[PDB]
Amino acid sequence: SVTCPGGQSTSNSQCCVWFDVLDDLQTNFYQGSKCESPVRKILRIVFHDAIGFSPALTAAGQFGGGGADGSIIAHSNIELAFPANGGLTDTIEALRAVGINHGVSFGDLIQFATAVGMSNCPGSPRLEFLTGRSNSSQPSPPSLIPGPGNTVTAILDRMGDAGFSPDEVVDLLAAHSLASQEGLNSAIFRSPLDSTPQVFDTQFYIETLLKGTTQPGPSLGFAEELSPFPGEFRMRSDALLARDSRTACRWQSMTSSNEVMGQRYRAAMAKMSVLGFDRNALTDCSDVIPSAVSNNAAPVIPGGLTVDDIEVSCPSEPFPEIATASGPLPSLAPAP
């Protein structure tokens, strides 16, 4: 039954070219299968590509955007001028070349590169991968990307129009577990959003709940808040969603289990991958995606801080009993 040229076995002949682009991305784009800046950048690109989809604009007789159509690469000239798309240019060019060389659509390539990039980061789930999205796209309308200075109401409305419930917004933010910022405060380039920028874990949800104590750089950048320790950056939207009554209980439930967070994240990502498409018209090639190494560390409140330093914001469920660490407060090095 279906064998691909290099001897691997797959479900459909349409999956076979993806074994070649897998080898190309691991060796080159990811510099030997690493979980560093290329993965983090690609996670911003899959979001910004897919969120340019608005049912409300369509209802008002306007082009609403094509969703995960690869338009961020095909119309990079228009989309990378948007304020939330800076710092992406070099990754988008690298991706353009791989797509053109392999003859795969840009929309599919961005979904594939997200699943494969995440597989290089310890603790990640194996994300679903479907192929068949048309290469044809039109530029996304402006103003459909959530920004770090927006209120929780604005983020929930924009995300809700695209199709996400408040819970799914929180689930989607597990990608900030492999994250840093470059452009909000360039004095502290690549300052991490959690203490493990290379491990897909629960620490991001825990650490954003901790009382902001520290200013990590010479001044505060755009939409920057006080964070819990030296080297960590905290953006305002993340601080607010952690504490807002609409999202706070789901945020709190993401703090004690890497398995729960992983499942919820994979589900939310599978929904985002087909915005603008019919998943029943795509071919499933998830078996091409390899496993990530497992994360064996327990969720912890870092460097001596206790449950008394968490700003518990879910009034109905008590805070999970998480482990504490007998250490001094951490200073975080830049994300690699």
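Note that residue numbering follows the sequence shown and begins at 1.
### Task
Would you determine, from the values in the PDB entry, which of 50 to 58 and 304 to 312 has the greater average C-alpha temperature factor?
Looking at the record's C-alpha B-factors, the answer is 304 to 312.
### Task
Output the stretch having the higher mean C-alpha B factor in the entry; the candidates are 246 to 254 and 135 to 143.
That would be 135 to 143.
### Task
Can you pull the Cα B-factors for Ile92, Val199, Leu220, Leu173 from the entry and say which is highest?
The C-alpha B-factor peaks, among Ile92, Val199, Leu220, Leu173, at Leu220.
### Task
For the C-alpha B-factor as written in the entry, point me to the maximum among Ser37, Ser286, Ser273, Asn295.
Checking the PDB record, the top C-alpha B-factor among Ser37, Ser286, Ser273, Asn295 is at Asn295.
### Message
Using only modelled residues of the chain, where does the Cα B factor of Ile45 rank: lowest third, middle third or highest third?
### Response
Lowest third.
### Message
By the recorded C-alpha temperature factor, relative to the other modelled residues in its chain, which third is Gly32 in?
### Response
As the PDB entry reports it, the C-alpha B-factor of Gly32 lands in the middle third of its chain.
### Message
Per the entry's values, where does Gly103 land by CA temperature factor relative to the rest of its chain, in the lowest, middle or highest third?
### Response
Answer is middle: the recorded C-alpha B-factor places it there.
#### Entry: Relative C-alpha B-factor of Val260, binned into the chain's lowest, middle or highest third
Its C-alpha B-factor, which the entry lists for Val260, ranks in the middle third among residues of this chain.
### Query
Against its chain's modelled residues, does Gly67's Cα B factor rank lowest, middle or highest third?
As the PDB entry reports it, the C-alpha B-factor of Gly67 lands in the lowest third of its chain.
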